[PDB]
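Participant: Structure incoming, see below.
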Amino acid sequence: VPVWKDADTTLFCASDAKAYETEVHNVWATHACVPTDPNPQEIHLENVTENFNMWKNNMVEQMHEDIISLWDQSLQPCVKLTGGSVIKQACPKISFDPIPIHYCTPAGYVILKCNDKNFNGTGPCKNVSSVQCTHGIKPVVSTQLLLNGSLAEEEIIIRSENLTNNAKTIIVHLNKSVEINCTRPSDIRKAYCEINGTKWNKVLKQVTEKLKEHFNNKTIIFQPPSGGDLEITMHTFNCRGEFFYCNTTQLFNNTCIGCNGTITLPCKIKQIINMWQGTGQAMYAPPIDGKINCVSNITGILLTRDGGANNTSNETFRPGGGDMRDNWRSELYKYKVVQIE
Ligand SMILES: *[C@@H]1O[C@H](CO)[C@@H](O)[C@H](O)[C@H]1NC(C)=O
Ligand SMILES: *[C@@H]1O[C@H](CO)[C@@H](O)[C@H](O)[C@H]1NC(C)=O
Ligand SMILES: *[C@@H]1O[C@H](CO)[C@@H](O)[C@H](O)[C@H]1NC(C)=O
Ligand SMILES: *[C@@H]1O[C@H](CO)[C@@H](O)[C@H](O)[C@H]1NC(C)=O
Ligand SMILES: *[C@@H]1O[C@H](CO)[C@@H](O)[C@H](O)[C@H]1NC(C)=O
Ligand SMILES: *[C@@H]1O[C@H](CO)[C@@H](O)[C@H](O)[C@H]1NC(C)=O
Ligand SMILES: *[C@@H]1O[C@H](CO)[C@@H](O)[C@H](O)[C@H]1NC(C)=O
Ligand SMILES: *[C@@H]1O[C@H](CO)[C@@H](O)[C@H](O)[C@H]1NC(C)=O
Ligand SMILES: *[C@@H]1O[C@H](CO)[C@@H](O)[C@H](O)[C@H]1NC(C)=O
Ligand SMILES: *[C@@H]1O[C@H](CO)[C@@H](O)[C@H](O)[C@H]1NC(C)=O
């Protein structure tokens, strides 16, 4: 029966948000999202091939606008420094822990979902189903590393809009998540992250063999970022309200590609940050007393490749990205909205 035309349209959101919670993601979804589909139904689309493009699907920008909305309402800095002004207010300690959000089509439209195990984000898909809503997607803001997302079903996948353009971000979708366990124990700003060295280097070596496949068997080097602001040169993430900055030099080490134990990353909790929203500079209050612990799964990696190296034997890759959209993209690549014609 069904037939369609690809189109863009305004989505709505659904969640399990508990309405008794003071947590901020739950509050936001409690008043800006409906409940989740109590009877979710996925329909296989028989013998259809559908072209997808994760680098040009308007669901990314909608999710982005939502996360901006949530952070503007939820976070309370003591002082905001935007475009030549300075707004001051009260900065209490909030409750912070992202919850999965579902995205759903209005009537006359439907979501398509690519189920090709190794599909790279662009191109034809031969196992296409139709859903009302995406799956639940945690809105985890981070640089350098993708946290608390979804793994690739089969092999590690390299995602890029154009691998030959070195200004285009590369996303690595891992097959196997590696824990990063970060703790500020009871200088109150100093904390550390622990990663399994064995698993990390096994995964990293696999990552460069895949990168070797895509880059004509060339030698693949990892280097740290070549300067910039701390949110660029550090793996940054929010744990329990505190903004964490971690040094990833030990992770992107090439000789391990006597190193087999726990890798310990030095980190600092910052009160003064440069808002990822682009608006400007923000100041929050000193950290919570006692132990501050967050355990997360690395499930993907963000990478930028140097240019001016074509007449070399090497290709060198630094952690990076910057644009938060790619985060959302890393979970929305297998979806696209269509208009039922
Ligand atoms: C298509 O995807 C489904 C769901 O992921 C899975 O059972 C299998 O990989 C494929 N099934 C068929 C019948 O092609
Ligand atoms: C993704 O697959 C298409 C073929 O459908 C191919 O042209 C493109 O190069 C692939 N992208 C990457 C990054 O391998
Ligand atoms: C971490 O990854 C495992 C699968 O490798 C999964 O079972 C677990 O729920 C993940 N934890 C979080 C918080 O996503
Ligand atoms: C991970 O993917 C690599 C190739 O990309 C493969 O060698 C390995 O078997 C995969 N591991 C799992 C657990 O799927
Ligand atoms: C990919 O990027 C390269 C380098 O920027 C560019 O010259 C080329 O035209 C692009 N190719 C495609 C198919 O977009
Ligand atoms: C995380 O690290 C802390 C201190 O380094 C340790 O006490 C705790 O057992 C770790 N938790 C997990 C789940 O690895
Ligand atoms: C790393 O993982 C291995 C299995 O690959 C496990 O035996 C060990 O507990 C882990 N070691 C550390 C230091 O996390
Ligand atoms: C690249 O290397 C792989 C294994 O390392 C090998 O099977 C393949 O022949 C090489 N490809 C080219 C084009 O040389
Ligand atoms: C990370 O640590 C190394 C030494 O371990 C240091 O040289 C480097 O400057 C640090 N990174 C940043 C961004 O400060
Ligand atoms: C990842 O998920 C775990 C369990 O839900 C949570 O404790 C941790 O804070 C999350 N990490 C981030 C960066 O949100």
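Labeling convention for the structure tokens: chains A, B, ... as they appear, residues from 1 per chain, ligands from 1 in order of appearance.
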For the contact check between chain A and ligand 9, emit one row per residue of chain A within 6 Å, containing the shortest atom pair and the distance in Å rounded to one decimal, counting only C-alpha atoms and all ligand atoms, chain then rising number order, as JSON lines.

Facilitator:
{"residue": "A:233", "atom": "CA", "partner": "ligand 9", "partner_atom_place_in_ligand_line": "13 (C)", "distance": 5.0}
{"residue": "A:247", "atom": "CA", "partner": "ligand 9", "partner_atom_place_in_ligand_line": "1 (C)", "distance": 5.0}
{"residue": "A:249", "atom": "CA", "partner": "ligand 9", "partner_atom_place_in_ligand_line": "1 (C)", "distance": 5.4}

Participant: At most 10 Å is the cut-off: for each residue in chain A with any atom that close to an atom of ligand 1, write down the nearest atom pair and the distance in Å rounded to one decimal, counting only C-alpha atoms and all ligand atoms, chain first then increasing number, as a tab-separated table.

Facilitator:
residue	atom	partner	partner_atom_place_in_ligand_line	distance
A:42	CA	ligand 1	4 (C)	9.3
A:43	CA	ligand 1	4 (C)	9.9
A:44	CA	ligand 1	1 (C)	7.9
A:45	CA	ligand 1	1 (C)	9.7
A:46	CA	ligand 1	13 (C)	8.9
A:47	CA	ligand 1	14 (O)	9.3
A:113	CA	ligand 1	5 (O)	9.3
A:114	CA	ligand 1	2 (O)	8.1
A:115	CA	ligand 1	2 (O)	4.7
A:116	CA	ligand 1	2 (O)	6.7
A:117	CA	ligand 1	9 (O)	6.8
A:126	CA	ligand 1	14 (O)	8.1
A:127	CA	ligand 1	1 (C)	4.9
A:128	CA	ligand 1	1 (C)	7.3
A:129	CA	ligand 1	2 (O)	7.9
A:153	CA	ligand 1	5 (O)	9.2

Participant: Limited to C-alpha atoms, could you put the picked residues into a file as an mmCIF file, in the first residue's frame?

Facilitator:
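Final output, part.cif:
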data_model
loop_
_atom_site.group_PDB
_atom_site.id
_atom_site.type_symbol
_atom_site.label_atom_id
_atom_site.label_comp_id
_atom_site.auth_asym_id
_atom_site.auth_seq_id
_atom_site.Cartn_x
_atom_site.Cartn_y
_atom_site.Cartn_z
ATOM 1 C CA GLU A 42 7.638 -1.197 13.768
ATOM 2 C CA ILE A 43 6.620 -2.296 10.259
ATOM 3 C CA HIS A 44 8.982 -3.900 7.763
ATOM 4 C CA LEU A 45 8.774 -2.410 4.268
ATOM 5 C CA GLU A 46 8.959 -5.286 1.844
ATOM 6 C CA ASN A 47 11.511 -5.195 -1.015
ATOM 7 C CA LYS A 113 14.560 3.478 9.882
ATOM 8 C CA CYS A 114 17.503 1.840 8.108
ATOM 9 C CA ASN A 115 18.350 -1.600 9.544
ATOM 10 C CA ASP A 116 21.426 -2.317 7.394
ATOM 11 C CA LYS A 117 24.014 -3.525 9.904
ATOM 12 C CA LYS A 126 17.769 -2.503 1.665
ATOM 13 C CA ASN A 127 16.300 -3.369 5.102
ATOM 14 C CA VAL A 128 13.961 -0.425 5.643
ATOM 15 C CA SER A 129 11.281 -0.290 8.316
ATOM 16 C CA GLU A 153 25.658 -3.911 15.544
#

Participant: List the neighbours of residue 132 (chain A) out to 9 Å using only C-alpha atoms; skip same-chain residues closer than 3 positions along the sequence, and give me the result as a list in words.

Facilitator: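 After dropping sequence-adjacent residues, the list is residues 37, 40, 41, 42, 103, 104, 105, 106, 109, 110, 111 and 112 of chain A.
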
Participant: How would you report the residues lying within 12 Å of ligand 6, as a list in words, if you count only C-alpha atoms and all ligand atoms?

Facilitator: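 My answer, listing the contacting residues, is residues 178, 179, 180, 181, 182, 183, 184, 185, 186, 191, 192, 193, 194, 195, 196, 262, 263, 264, 265, 291, 292, 293, 294, 295, 296 and 297 of chain A.
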
Participant: What do you get as a list in words if you pick all residues at most 7 Å from ligand 2, counting only C-alpha atoms and all ligand atoms?

Facilitator: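 Answer in the requested format: residues 120, 121, 122, 123, 124, 158, 159, 160, 161, 162, 163 and 214 of chain A.
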